[PDB]
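Engineer: Input input-v9.pdb, format and content: PDB, C-alpha atoms.
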```pdb
ATOM      1  CA  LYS A   1     116.298  61.601 100.632  1.00  0.00           C
ATOM      2  CA  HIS A   2     115.802  58.187  98.950  1.00  0.00           C
ATOM      3  CA  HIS A   3     113.224  58.518  96.158  1.00  0.00           C
ATOM      4  CA  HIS A   4     110.889  55.852  94.822  1.00  0.00           C
ATOM      5  CA  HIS A   5     109.778  55.136  91.292  1.00  0.00           C
ATOM      6  CA  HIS A   6     107.103  52.492  92.021  1.00  0.00           C
ATOM      7  CA  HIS A   7     104.153  54.543  90.810  1.00  0.00           C
ATOM      8  CA  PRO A   8     103.593  58.060  89.404  1.00  0.00           C
ATOM      9  CA  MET A   9     103.632  60.821  92.039  1.00  0.00           C
ATOM     10  CA  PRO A  10     102.104  63.908  90.231  1.00  0.00           C
ATOM     11  CA  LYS A  11     102.416  67.579  91.175  1.00  0.00           C
ATOM     12  CA  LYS A  12      99.428  68.260  93.488  1.00  0.00           C
ATOM     13  CA  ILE A  13      98.022  71.799  93.521  1.00  0.00           C
ATOM     14  CA  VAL A  14      95.740  73.081  96.302  1.00  0.00           C
ATOM     15  CA  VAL A  15      93.181  75.240  94.541  1.00  0.00           C
ATOM     16  CA  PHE A  16      91.508  78.072  96.372  1.00  0.00           C
ATOM     17  CA  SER A  17      89.380  80.936  95.224  1.00  0.00           C
ATOM     18  CA  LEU A  18      89.682  84.712  95.601  1.00  0.00           C
ATOM     19  CA  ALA A  19      86.413  86.429  94.552  1.00  0.00           C
ATOM     20  CA  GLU A  20      85.581  84.977  91.131  1.00  0.00           C
ATOM     21  CA  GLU A  21      89.128  83.654  90.412  1.00  0.00           C
ATOM     22  CA  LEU A  22      91.142  80.437  90.988  1.00  0.00           C
ATOM     23  CA  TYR A  23      94.625  80.357  92.460  1.00  0.00           C
ATOM     24  CA  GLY A  24      96.907  77.523  93.469  1.00  0.00           C
ATOM     25  CA  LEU A  25      99.870  76.400  95.531  1.00  0.00           C
ATOM     26  CA  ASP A  26     101.837  73.169  95.476  1.00  0.00           C
ATOM     27  CA  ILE A  27     100.721  71.094  98.486  1.00  0.00           C
ATOM     28  CA  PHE A  28     104.453  71.044  99.381  1.00  0.00           C
ATOM     29  CA  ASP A  29     104.167  74.795 100.143  1.00  0.00           C
ATOM     30  CA  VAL A  30     100.941  74.370 102.158  1.00  0.00           C
ATOM     31  CA  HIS A  31     102.064  73.618 105.774  1.00  0.00           C
ATOM     32  CA  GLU A  32      98.560  73.796 107.181  1.00  0.00           C
ATOM     33  CA  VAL A  33      95.191  75.420 106.757  1.00  0.00           C
ATOM     34  CA  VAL A  34      93.526  77.189 109.702  1.00  0.00           C
ATOM     35  CA  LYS A  35      90.173  79.006 109.938  1.00  0.00           C
ATOM     36  CA  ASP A  36      89.918  82.735 108.931  1.00  0.00           C
ATOM     37  CA  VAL A  37      89.221  83.917 112.501  1.00  0.00           C
ATOM     38  CA  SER A  38      90.829  86.024 115.270  1.00  0.00           C
ATOM     39  CA  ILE A  39      93.157  88.042 113.098  1.00  0.00           C
ATOM     40  CA  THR A  40      94.413  90.845 115.305  1.00  0.00           C
ATOM     41  CA  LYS A  41      94.953  93.997 113.325  1.00  0.00           C
ATOM     42  CA  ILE A  42      98.351  95.598 113.862  1.00  0.00           C
ATOM     43  CA  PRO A  43      98.609  99.455 113.788  1.00  0.00           C
ATOM     44  CA  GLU A  44     100.920 101.157 111.254  1.00  0.00           C
ATOM     45  CA  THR A  45     101.008  98.282 108.747  1.00  0.00           C
ATOM     46  CA  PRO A  46     100.041  98.278 105.055  1.00  0.00           C
ATOM     47  CA  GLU A  47      96.366  97.573 104.433  1.00  0.00           C
ATOM     48  CA  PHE A  48      97.184  94.214 102.756  1.00  0.00           C
ATOM     49  CA  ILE A  49      98.698  93.031 106.064  1.00  0.00           C
ATOM     50  CA  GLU A  50      95.433  92.082 107.716  1.00  0.00           C
ATOM     51  CA  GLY A  51      97.186  91.410 110.996  1.00  0.00           C
ATOM     52  CA  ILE A  52      98.461  88.576 113.038  1.00  0.00           C
ATOM     53  CA  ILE A  53      97.320  85.256 114.434  1.00  0.00           C
ATOM     54  CA  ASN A  54      98.603  83.442 117.494  1.00  0.00           C
ATOM     55  CA  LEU A  55      99.060  79.879 116.335  1.00  0.00           C
ATOM     56  CA  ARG A  56     100.215  77.537 119.138  1.00  0.00           C
ATOM     57  CA  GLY A  57     102.227  80.364 120.779  1.00  0.00           C
ATOM     58  CA  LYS A  58     103.745  81.727 117.556  1.00  0.00           C
ATOM     59  CA  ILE A  59     103.127  85.108 115.954  1.00  0.00           C
ATOM     60  CA  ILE A  60     102.086  84.639 112.310  1.00  0.00           C
ATOM     61  CA  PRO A  61     101.570  87.618 109.996  1.00  0.00           C
ATOM     62  CA  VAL A  62      98.520  87.251 107.732  1.00  0.00           C
ATOM     63  CA  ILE A  63      98.182  88.833 104.295  1.00  0.00           C
ATOM     64  CA  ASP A  64      94.928  89.553 102.530  1.00  0.00           C
ATOM     65  CA  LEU A  65      95.792  88.455  98.949  1.00  0.00           C
ATOM     66  CA  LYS A  66      92.909  90.425  97.374  1.00  0.00           C
ATOM     67  CA  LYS A  67      94.344  93.621  98.882  1.00  0.00           C
ATOM     68  CA  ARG A  68      97.856  92.572  97.859  1.00  0.00           C
ATOM     69  CA  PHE A  69      96.779  91.739  94.266  1.00  0.00           C
ATOM     70  CA  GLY A  70      93.934  94.314  93.833  1.00  0.00           C
ATOM     71  CA  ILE A  71      91.122  91.768  93.479  1.00  0.00           C
ATOM     72  CA  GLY A  72      87.493  92.656  94.207  1.00  0.00           C
ATOM     73  CA  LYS A  73      86.738  92.336  97.924  1.00  0.00           C
ATOM     74  CA  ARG A  74      84.039  89.660  97.562  1.00  0.00           C
ATOM     75  CA  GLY A  75      83.820  85.921  98.305  1.00  0.00           C
ATOM     76  CA  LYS A  76      84.371  85.754 102.046  1.00  0.00           C
ATOM     77  CA  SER A  77      82.266  83.274 104.041  1.00  0.00           C
ATOM     78  CA  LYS A  78      82.531  80.523 106.670  1.00  0.00           C
ATOM     79  CA  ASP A  79      84.570  78.604 104.099  1.00  0.00           C
ATOM     80  CA  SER A  80      87.295  81.251 104.414  1.00  0.00           C
ATOM     81  CA  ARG A  81      90.648  79.937 105.664  1.00  0.00           C
ATOM     82  CA  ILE A  82      94.211  80.870 106.420  1.00  0.00           C
ATOM     83  CA  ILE A  83      96.801  78.854 104.527  1.00  0.00           C
ATOM     84  CA  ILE A  84     100.021  78.642 106.502  1.00  0.00           C
ATOM     85  CA  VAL A  85     103.075  78.858 104.291  1.00  0.00           C
ATOM     86  CA  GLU A  86     106.819  79.556 104.822  1.00  0.00           C
ATOM     87  CA  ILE A  87     108.514  82.521 103.202  1.00  0.00           C
ATOM     88  CA  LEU A  88     112.253  82.932 103.678  1.00  0.00           C
ATOM     89  CA  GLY A  89     112.197  80.407 106.530  1.00  0.00           C
ATOM     90  CA  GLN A  90     109.401  82.298 108.351  1.00  0.00           C
ATOM     91  CA  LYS A  91     105.757  81.314 108.865  1.00  0.00           C
ATOM     92  CA  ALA A  92     103.125  83.414 107.057  1.00  0.00           C
ATOM     93  CA  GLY A  93      99.345  83.188 106.572  1.00  0.00           C
ATOM     94  CA  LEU A  94      97.427  83.810 103.341  1.00  0.00           C
ATOM     95  CA  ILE A  95      93.676  84.494 103.470  1.00  0.00           C
ATOM     96  CA  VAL A  96      91.625  82.541 100.928  1.00  0.00           C
ATOM     97  CA  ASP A  97      87.833  82.311 100.355  1.00  0.00           C
ATOM     98  CA  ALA A  98      87.904  78.500 100.223  1.00  0.00           C
ATOM     99  CA  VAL A  99      90.060  75.490  99.558  1.00  0.00           C
ATOM    100  CA  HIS A 100      88.031  73.905  96.740  1.00  0.00           C
ATOM    101  CA  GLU A 101      90.156  70.975  95.520  1.00  0.00           C
ATOM    102  CA  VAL A 102      93.500  69.252  95.337  1.00  0.00           C
ATOM    103  CA  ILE A 103      94.410  68.464  91.741  1.00  0.00           C
ATOM    104  CA  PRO A 104      97.239  66.458  90.115  1.00  0.00           C
ATOM    105  CA  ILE A 105      98.911  68.112  87.159  1.00  0.00           C
ATOM    106  CA  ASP A 106     101.811  67.715  84.783  1.00  0.00           C
ATOM    107  CA  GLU A 107     104.380  70.292  85.915  1.00  0.00           C
ATOM    108  CA  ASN A 108     105.214  70.698  82.191  1.00  0.00           C
ATOM    109  CA  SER A 109     101.754  71.997  81.416  1.00  0.00           C
ATOM    110  CA  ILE A 110     102.576  75.021  83.648  1.00  0.00           C
ATOM    111  CA  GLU A 111     103.248  78.045  81.396  1.00  0.00           C
ATOM    112  CA  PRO A 112     105.312  81.139  82.291  1.00  0.00           C
ATOM    113  CA  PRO A 113     103.030  84.140  82.700  1.00  0.00           C
ATOM    114  CA  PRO A 114     102.851  86.713  79.902  1.00  0.00           C
ATOM    115  CA  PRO A 115     104.475  90.100  80.874  1.00  0.00           C
ATOM    116  CA  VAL A 116     101.124  91.496  82.050  1.00  0.00           C
ATOM    117  CA  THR A 117      98.429  89.136  83.379  1.00  0.00           C
ATOM    118  CA  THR A 118      95.621  88.816  85.974  1.00  0.00           C
ATOM    119  CA  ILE A 119      97.936  89.902  88.839  1.00  0.00           C
ATOM    120  CA  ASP A 120     101.466  91.390  88.959  1.00  0.00           C
ATOM    121  CA  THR A 121     103.867  88.765  87.610  1.00  0.00           C
ATOM    122  CA  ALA A 122     105.985  89.420  90.764  1.00  0.00           C
ATOM    123  CA  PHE A 123     103.358  87.246  92.480  1.00  0.00           C
ATOM    124  CA  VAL A 124     102.997  84.613  89.743  1.00  0.00           C
ATOM    125  CA  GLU A 125     105.075  81.421  89.537  1.00  0.00           C
ATOM    126  CA  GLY A 126     103.322  79.986  86.494  1.00  0.00           C
ATOM    127  CA  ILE A 127      99.956  79.427  84.901  1.00  0.00           C
ATOM    128  CA  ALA A 128      98.250  76.044  84.970  1.00  0.00           C
ATOM    129  CA  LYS A 129      95.007  75.184  83.191  1.00  0.00           C
ATOM    130  CA  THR A 130      92.288  73.042  84.775  1.00  0.00           C
ATOM    131  CA  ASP A 131      88.815  72.047  83.601  1.00  0.00           C
ATOM    132  CA  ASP A 132      88.192  75.029  81.342  1.00  0.00           C
ATOM    133  CA  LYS A 133      89.849  77.220  84.005  1.00  0.00           C
ATOM    134  CA  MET A 134      93.043  79.252  84.360  1.00  0.00           C
ATOM    135  CA  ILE A 135      94.909  78.655  87.585  1.00  0.00           C
ATOM    136  CA  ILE A 136      97.659  81.057  88.549  1.00  0.00           C
ATOM    137  CA  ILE A 137     100.187  79.421  90.766  1.00  0.00           C
ATOM    138  CA  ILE A 138     101.196  82.075  93.266  1.00  0.00           C
ATOM    139  CA  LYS A 139     104.845  82.894  93.955  1.00  0.00           C
ATOM    140  CA  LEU A 140     105.316  83.357  97.681  1.00  0.00           C
ATOM    141  CA  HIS A 141     108.741  85.050  97.646  1.00  0.00           C
ATOM    142  CA  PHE A 142     107.765  88.756  97.546  1.00  0.00           C
ATOM    143  CA  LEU A 143     104.269  88.735  99.090  1.00  0.00           C
ATOM    144  CA  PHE A 144     105.515  90.720 102.119  1.00  0.00           C
ATOM    145  CA  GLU A 145     108.137  92.869 100.379  1.00  0.00           C
ATOM    146  CA  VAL A 146     107.153  96.552 100.595  1.00  0.00           C
ATOM    147  CA  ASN A 147     109.601  98.668  98.545  1.00  0.00           C
ATOM    148  CA  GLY A 148     112.997  97.095  99.400  1.00  0.00           C
ATOM    149  CA  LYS A 149     111.972  95.771 102.812  1.00  0.00           C
ATOM    150  CA  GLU A 150     109.927  92.918 104.275  1.00  0.00           C
ATOM    151  CA  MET A 151     106.992  93.998 106.494  1.00  0.00           C
ATOM    152  CA  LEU A 152     106.528  92.037 109.743  1.00  0.00           C
ATOM    153  CA  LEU A 153     108.663  89.473 107.914  1.00  0.00           C
ATOM    154  CA  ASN A 154     112.329  89.290 108.066  1.00  0.00           C
TER     155      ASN A 154
END
```
Have the structure of the file written as structure tokens, please.

Structural biologist:
Amino acid sequence: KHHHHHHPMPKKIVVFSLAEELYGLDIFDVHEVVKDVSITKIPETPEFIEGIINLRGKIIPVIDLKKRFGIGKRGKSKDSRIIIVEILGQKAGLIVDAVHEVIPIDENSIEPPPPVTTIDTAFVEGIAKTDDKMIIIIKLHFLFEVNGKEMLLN
């Protein structure tokens, strides 16, 4: 890849909400955003695996982040979406209450989480701070890892 230095190209975070809290992902990790509809529940899976979607002929497992993180089960509406990401070279869907904004940030303002924070640090890449808000940048790596093994993943 040939890079350009003509003008500043800031880190852009897609900010979404889960109940009363703000979370983010780098736009680079956001492949697409689909509506939170027609999730087919799959028997014998963990509760946080809401099910699957059929997206253009591909099976995509969808996680409910509130169930994964232990967040209050409030905030769902028509604004709900499924953010398509890639975890270990596989497509995955993350349920969110809404994509609110896309904000530029200095990557160097992102702080490592303390040992114990809003959600398990296993799920936290770093902590950014916007408006007068805390934004946890989610780490995608282990979202599907149940004990030593990946569910519906690998």

Engineer: For the atom pair CA of residue 58 in chain A and CA of residue 42 in chain A, what is the interatomic distance in Å to one decimal place?

Structural biologist: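 Atom-to-atom, CA of residue 58 in chain A to CA of residue 42 in chain A, that is 15.3 Å.
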
Engineer: Pick out the closest residue to residue 91 in chain A from this set: A:40, A:127, A:61, A:16. Count only C-alpha atoms.

Structural biologist: A:61

Engineer: Restricting the calculation to all atoms listed in the file: of A:103, A:81, A:69, A:88, which residue gets closest to residue 121 in chain A?

Structural biologist: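 Once distances to residue 121 in chain A are computed over all atoms listed in the file, the minimum belongs to A:69.
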
Engineer: Pick the closest to residue 119 in chain A from A:95, A:27, A:22, A:107: which is it, counting all atoms listed in the file?

Structural biologist: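 Under the stated criterion, the closest residue is A:22.
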
Engineer: Any idea what's packed within 12 Å of residue 117 in chain A, counting only C-alpha atoms, ignoring anything in its chain fewer than 3 positions away? Could you give it as number ranges by chain?

Structural biologist: A: 69, 112-114, 120-127, 134-136

Engineer: Could you check how far CA of residue 56 in chain A sits from CA of residue 37 in chain A, in Å to one decimal?

Structural biologist: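 Calculated distance between CA of residue 56 in chain A and CA of residue 37 in chain A is 14.3 Å.
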
Engineer: Give the answer as one residue: which of A:139, A:23, A:151, A:110 has the shortest atom-to-atom distance to residue 97 in chain A, using only C-alpha atoms?

Structural biologist: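 Looking only at the distances to residue 97 in chain A, the closest residue turns out to be A:23.
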
Engineer: Could you check which of A:147, A:71, A:92, A:98 is closest to residue 118 in chain A, using all atoms listed in the file?

Structural biologist: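 Using all atoms listed in the file, the shortest distance to residue 118 in chain A belongs to A:71.
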
Engineer: Of the candidates A:72, A:104, A:57, A:43, which shows the shortest atom-to-atom distance to residue 17 in chain A, using only C-alpha atoms?

Structural biologist: A:72

Engineer: Could you list, as a VMD selection string, every residue within 7 Å of residue 15 in chain A, counting all atoms listed in the file and ignoring same-chain residues fewer than 3 positions away?

Structural biologist: chain A and resid 22 to 25 99 to 102

Engineer: Quick one, how far is CA of residue 78 in chain A from CA of residue 65 in chain A?

Structural biologist: 17.3 Å

Engineer: Which residues are near residue 154 in chain A? Cut-off 10 Å, all atoms listed in the file, ignore same chain within fewer than 3 positions. Put them as a list in words.

Structural biologist: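 Non-adjacent residues within range: residues 87, 88, 89, 90, 144, 145, 149, 150 and 151 of chain A.
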
Engineer: Which residues are near residue 34 in chain A? Cut-off 8 Å, all atoms listed in the file, ignore same chain within fewer than 2 positions. Put them as an MDAnalysis selection string.

Structural biologist: chainID A and resid 32 36 81:84

Engineer: For the structure provided, state which residues fall under the PyMOL selection byres ((chain A and resi 10) around 12), and present them as a PyMOL selection string.

Structural biologist: chain A and resi 5+7-9+11-13+26-28+102-109

Engineer: Would you mind listing what lies within 10 Å of residue 133 in chain A as a list in words, with all atoms listed in the file counted and same-chain residues fewer than 4 positions away left out?

Structural biologist: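 After dropping sequence-adjacent residues, the list is residues 21, 22, 128 and 129 of chain A.
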
Engineer: Name every residue that the PyMOL selection byres ((chain A and resi 76) around 9) selects in this structure, writing the answer as a count of residues only with chains first and numbers rising.

Structural biologist: 12

Engineer: Here's the selection I'm unsure about, the PyMOL selection byres ((chain A and resi 47) around 12); applied to the file above, which residues does it give, as a PDB file with C-alpha atoms, in the coordinates of the input?

Structural biologist:
```pdb
ATOM      1  CA  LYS A  41      94.953  93.997 113.325  1.00  0.00           C
ATOM      2  CA  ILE A  42      98.351  95.598 113.862  1.00  0.00           C
ATOM      3  CA  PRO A  43      98.609  99.455 113.788  1.00  0.00           C
ATOM      4  CA  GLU A  44     100.920 101.157 111.254  1.00  0.00           C
ATOM      5  CA  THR A  45     101.008  98.282 108.747  1.00  0.00           C
ATOM      6  CA  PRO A  46     100.041  98.278 105.055  1.00  0.00           C
ATOM      7  CA  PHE A  48      97.184  94.214 102.756  1.00  0.00           C
ATOM      8  CA  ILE A  49      98.698  93.031 106.064  1.00  0.00           C
ATOM      9  CA  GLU A  50      95.433  92.082 107.716  1.00  0.00           C
ATOM     10  CA  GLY A  51      97.186  91.410 110.996  1.00  0.00           C
ATOM     11  CA  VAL A  62      98.520  87.251 107.732  1.00  0.00           C
ATOM     12  CA  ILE A  63      98.182  88.833 104.295  1.00  0.00           C
ATOM     13  CA  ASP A  64      94.928  89.553 102.530  1.00  0.00           C
ATOM     14  CA  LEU A  65      95.792  88.455  98.949  1.00  0.00           C
ATOM     15  CA  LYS A  66      92.909  90.425  97.374  1.00  0.00           C
ATOM     16  CA  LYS A  67      94.344  93.621  98.882  1.00  0.00           C
ATOM     17  CA  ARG A  68      97.856  92.572  97.859  1.00  0.00           C
ATOM     18  CA  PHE A  69      96.779  91.739  94.266  1.00  0.00           C
ATOM     19  CA  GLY A  70      93.934  94.314  93.833  1.00  0.00           C
ATOM     20  CA  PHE A 144     105.515  90.720 102.119  1.00  0.00           C
ATOM     21  CA  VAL A 146     107.153  96.552 100.595  1.00  0.00           C
ATOM     22  CA  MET A 151     106.992  93.998 106.494  1.00  0.00           C
TER      23      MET A 151
END
```
